[PDB]
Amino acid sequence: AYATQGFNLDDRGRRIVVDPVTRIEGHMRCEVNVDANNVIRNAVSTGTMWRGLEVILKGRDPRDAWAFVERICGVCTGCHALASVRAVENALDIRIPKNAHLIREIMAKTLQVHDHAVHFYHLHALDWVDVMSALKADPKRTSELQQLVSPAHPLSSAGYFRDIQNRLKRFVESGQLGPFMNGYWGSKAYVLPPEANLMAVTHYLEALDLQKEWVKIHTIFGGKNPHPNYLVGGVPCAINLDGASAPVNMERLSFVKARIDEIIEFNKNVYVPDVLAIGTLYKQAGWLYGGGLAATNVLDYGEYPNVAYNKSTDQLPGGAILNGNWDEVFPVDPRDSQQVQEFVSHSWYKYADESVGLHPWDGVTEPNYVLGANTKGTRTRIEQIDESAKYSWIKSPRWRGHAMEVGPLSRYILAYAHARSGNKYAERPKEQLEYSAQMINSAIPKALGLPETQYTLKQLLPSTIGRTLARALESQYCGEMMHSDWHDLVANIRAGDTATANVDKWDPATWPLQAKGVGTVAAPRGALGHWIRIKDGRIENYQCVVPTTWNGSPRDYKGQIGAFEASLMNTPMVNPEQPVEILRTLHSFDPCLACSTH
């Protein structure tokens, strides 16, 4: 037992294991200890996969890197390609043309929405929603709930809900429950009424059908989804209006626009209202657990400048907040060797000196699978991981030695702070948060006949509910932003600029024989960076620090815990061998484990 960051870690209680953690991307093992009252008093995050992309990349052509690192993850597909081409462009001093910037912004924002919405419905919703309870819901009141939760959403009638309910009934009555098999249904940890349950499961099915349309934006600009194509120096989708044979023409752009308009509708009519409603009800039940590090330490590099290459115009402005002081945002520089550093003290890698963290330009990735002496089980059959030694394939990133939470919540807290400091580029997130707080505290409780609450954003946001809320709000904001990007793109093309690639420095003969670059991306899960060193036209070093690397990290040299482990602390479990609460909170970070380890 020891104290760190205000958390009293204690491993004397009952050990509980969750392996595999499901409804995530990739592979994770989670162990916790709980006390006499089923409160989690220790949490251990173990990344259970590694592939070695950083090692694979050595000696390859920097121009090919994006395609390799894109396959780090097919869920946050393209964010790694974006980081990579940005890193090479930065290394070689390449400025991409305006159309290429806008198309990359639109692709980035499409990924945000798709990833966010699919995560909530298809991975997260079953932590909040009892599907079996939905079976015994009244179709009529569900229509009535639907009208209060979202008046503008036209799929509201009782028959429609009855029809959906019946297919579910027949499904479960087959005896083959598929993805619902052995679910934790009927746990007291579920608090929603039948009607809310049926409403959500219905939107689960709607989102499953609609998500495939949204990515057609990726398909147009990048040829396919998953894994659309990118390009060092710009984009491959060359433009010609008339002067049918080119990748991008007006018809293709109209198509893109129609998909963007549909996204905006889904976000405002379905996704944001559901999360507001579900959040209200779990707030009413008192489930404000899971804040972890969000209460103190949050970070993002900052993203989406409305003028290219000018960070002061970032529409999700970043930086770092420490100790819960939202009045002071520290600037974050990814080039500064003393800011972003990764430790491997408790990770299955080795450094020449493991008491220090390495900035990624100096990063090293040599695997070292070794288990501690207090491990229960064997090297190939683990029963209880020994967290006092090396216990994860995830490295331990820190910022000036501090453990940070990253993700949409961090970005929305950072945006709030920035807006209170006078930053006008963050007005929309601020207004989203205040509108949301007012809905969660007053409006939705009034409409459902529940007591009003008076939580401040400070109290409400550092919570698993807040973390879920911030993701939905971010999806909405991204949809709105690419709506604007689309107009700017079409305007630029009509003014006569059809340029999509800068090829001045495409050929390696034009390159400096030695160079370093960094590319940052506000990926769906938080702060992504790729750091590259180029030598004689080949990759000398390529290091990725990925959002889930931050959040999922094991303890550092000082023993400081990461976001996942902190968020599980101080959480009661209704039933210790049903990981409902563990899944609800872990999933609120949207864990991408293939990302975390790459």
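All residue numbers refer to positions in the sequence shown, first residue = 1.
In at least one third of the other compared structures of this protein with flanking residues present, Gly243 is left unmodelled.
Unmodelled stretch separating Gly243 from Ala244: 1 to 3 residues (count of deposited-sequence residues without coordinates). Stretches 531-539 and 64-72 differ in mean C-alpha B factor, with the higher average recorded for 531-539. Averaged over Cα atoms, the B-factor as recorded in the entry is higher for 325-333 than for the other of 325-333 and 288-296. Considering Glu144, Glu105, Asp314, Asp507 together, the PDB entry gives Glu144 the largest C-alpha B factor. The entry assigns its greatest Cα B factor, within the set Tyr349, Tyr412, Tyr304, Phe180, to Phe180. When the CA B factors of the chain's modelled residues are split into thirds, the value for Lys257 lands in the middle one. Ranked against the other modelled residues of its chain, the C-alpha B-factor of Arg584 as given in the entry falls in the lowest third. Annotation for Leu135: C-alpha temperature factor in the highest third relative to the rest of the modelled chain, per the entry. Compared with the other modelled residues of the chain, the Cα B-factor recorded for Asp19 ranks in the middle third.
Ranked against the other modelled residues of its chain, the C-alpha B-factor of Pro512 as given in the entry falls in the highest third.
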